[PDB]
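Presented below, as structure tokens, is a lone chain in the form deposited in one PDB entry.
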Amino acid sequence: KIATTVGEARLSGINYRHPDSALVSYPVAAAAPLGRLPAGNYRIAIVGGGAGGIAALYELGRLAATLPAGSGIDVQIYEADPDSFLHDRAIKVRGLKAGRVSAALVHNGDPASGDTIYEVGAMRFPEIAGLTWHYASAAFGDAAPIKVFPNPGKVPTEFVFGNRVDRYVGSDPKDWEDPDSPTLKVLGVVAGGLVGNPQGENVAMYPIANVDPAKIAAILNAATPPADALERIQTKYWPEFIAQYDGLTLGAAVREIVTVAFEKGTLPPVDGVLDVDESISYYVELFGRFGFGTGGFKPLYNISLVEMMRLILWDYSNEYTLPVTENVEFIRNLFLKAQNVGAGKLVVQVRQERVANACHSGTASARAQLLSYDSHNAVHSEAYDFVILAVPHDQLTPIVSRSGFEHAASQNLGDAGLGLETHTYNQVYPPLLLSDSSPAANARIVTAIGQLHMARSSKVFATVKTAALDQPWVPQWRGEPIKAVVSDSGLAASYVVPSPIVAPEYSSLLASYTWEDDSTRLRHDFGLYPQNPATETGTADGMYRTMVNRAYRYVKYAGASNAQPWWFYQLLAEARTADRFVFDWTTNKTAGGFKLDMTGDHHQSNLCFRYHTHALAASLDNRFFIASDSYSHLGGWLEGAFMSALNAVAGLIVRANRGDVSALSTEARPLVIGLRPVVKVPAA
């Protein structure tokens, strides 16, 4: 059944537990305030006003409301992005960003009467993203309507790889133009081999607990599993999967699966003519371009099988939209709701400042220091009781890695190489303080953060009349125009998304949404970085013409006598001249789009995911928590940012209670105690 409201989606994934946190359903943990704080007047900083920082603010507001008369929380939120919604009370971006939730409003002079929205970052939300939908309910209510995201396969789709063309909806051969397609056949082989069957015989190549992944997904998503089953997944079976397969790439796993299927005769020689290795390779690459429901994962073939398996267990591709004009509205509404729930006990101030350094210093009550620069490069220093560092890993690195790894009598911190003013701190310890006695422990967390993999990504947009889809040369599936195109043209994945400002006259032509090497191949043509146009009134016309030129390819369709230039070239050219656009996340200060783990990376990302458990070590007294999708096992999803925020606040509560986990609610306790601790000594 298709979910139709926020509440329907919310309930669908409410119990789902991810395999690295299999003892807890984050939505259940988040149902009530996470815990209790001692009486006091707290001074907290949140660095970053994206999904992570704003979810953390919301949870702090819920905590604040439980404080007794005379107590409260003050939060300073640092947000360097001048386009953040936090600083706002033709293509417009000002006020339309919340980090990587980022809209561009296409208008003709009056932004209150726009044509369309480009969703530059986050855009499609898994049904089983339970924490995402929990917060969407807080922001919009359960009754608010949602739509199926128009992914390849969800709407009529054209797929092109090499000489192969397909036109399809879903996976039922009755809905494919060629029901005998090799593409659909290889999908079945690769899906059988990776996911397997929820009932009956185990057919998957890479079992978890000796069974198909499908069977484990059903346990992870149960209300009342075995408890014993979740513990065994958490402590035994998922760790054993990691031990076996964290060194195996997705691309290698696809090839293994295809090889066995080819040997068995489930897949035929390609064309009847290619030799064994050529046939296997063709199928591997065909599947690579086709994907799992959101376009080709070829560019993602270097991720570990472990990372892919997380997405498989989550049924990640089954996605919806939010009940918004622009996705940034979600984060803005959560910010406003934070302030409302705090019931007067939370006070929030926004600083348009870039944090340059964090440390612990001095001997005062508040020892968590932040050094920042304002928009005219003036320096500021402030000390806090606790700090949540809600920025992704490459943005976190300069803040946490330049103070060394142990006690220092004095340091002059700041951006001295930029010629900016430094600040002297005394009796200095690193911010990410895992040990009082081991510089290597402090170095492990810093070095791990700095070597996480930020996947590269870019989006090319234009504005097109929706009626362009009705041109005679746009193909149809049962009378509905093709609205998604997945191709090896260099464009990778393309979408003709109806404007949300409304049938709408205009659509957002997401001409190219690329990852990893697909993005690298395009980057030389972008012209201006990270955004072309850099101005509200420019147009990235030259850039966009290079994308139309990539689509200028002769494509042969079955039964046709000759190839003609691809119809998609014609569609791209139908976009208006004004408002052509590219955003390159790679050349944004994030240094890419979102974390995806390579082989071996589990050790690094999982350390970050578990970092908040430092709060168990009472005498350590570390005041810094981290909150981003970079510090999760769902990089590239709001779910990851939100999970990491929940971890950070849970840890903060434990720390504020000097290591006492009974200060967490019963439901929230496993956020801390269901993970391996990052401090072995001291115990707690």
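The numbering used is simple: start at 1 and walk along the sequence shown. Whichever C-alpha set is largest while still superposing within 1.5 Å between the two forms counts as the rigid core.
Here the subject shifts to the form deposited in another entry, a form of this protein not shown in this document.
Rigid-core fit between this form and the one not shown: of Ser113, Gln244, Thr424, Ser438, the one residue whose Cα shifts 2 angstroms or more is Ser113.
Shown in the overlay between this form and the one not shown, fitted on the rigid core, is a CA shift at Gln199 smaller than 2 Å. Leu452 shows a C-alpha shift below 2 Å between this form and the one not shown [criterion: core-superposed Cα displacement of 2 Å]. After superposition on the rigid core, displacement of the C-alpha of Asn318 between this form and the one not shown amounts to 2 Å or more. In the other form, the Cα positions of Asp110 and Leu336 lie at least 3 Å farther from each other than in the form displayed. Inter-residue distance, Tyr245 to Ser317 (Cα): increased by at least 3 Å in the other form versus the depicted form.
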